[PDB]
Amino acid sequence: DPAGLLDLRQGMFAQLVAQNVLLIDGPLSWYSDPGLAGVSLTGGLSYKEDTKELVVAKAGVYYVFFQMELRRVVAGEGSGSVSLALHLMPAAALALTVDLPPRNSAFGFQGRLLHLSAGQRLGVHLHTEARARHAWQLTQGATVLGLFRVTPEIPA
């Protein structure tokens, strides 16, 4: 199973940083950075090993957010939009679109409450087009997926 495991108790928080910098269509690759607050990814992944798939171990409602920072690396060029979408695997649960000015930075954040069943597999896909992809990149280390568990277990 290539996925990392997120096992959160109520009131506990985890965040994942995207390895990607190029705006390439498809699943982002995530890792846990122990220098950041929160619980680490589990299920057999090594220290800072990145994965495109995540499994949420506990059923619950989670506040889930995306943050994305972009920057224009090719002077005088690029425009369009860049989107992220969280997909339940195997419509988007949570989506974030950020517009790029033809300022040389762009930023977006979006979160929401999501119900996630035990064992729920998750992926995040990025989409943009050629004009943006050829001139802009993700700022390194600033694309983050956050999860906060709101709800409890059933009493023993």
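Each residue number is its position in the shown sequence, starting from 1.
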*How much of the deposited sequence is absent from the coordinates between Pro102 and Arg103: none, 1 to 3, 4 to 9, or 10 or more residues?*
4 to 9
*asked:* So, looking at the entry's B-factor column for Cα atoms, which has the higher mean, 59-67 or 118-126?
replied: 118-126
*Hey, which bit's got the bigger mean C-alpha B factor in the entry, 128-136 or 142-150?*
128-136
*For the listed residues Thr42, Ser29, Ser32, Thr97, which one has the largest C-alpha B-factor as given in the deposited model?*
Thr42
_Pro90, C-alpha B-factor rank within chain (lowest, middle or highest third)_ = highest
_Where does the C-alpha B-factor of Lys48 rank in its chain, lowest, middle or highest third?_
highest
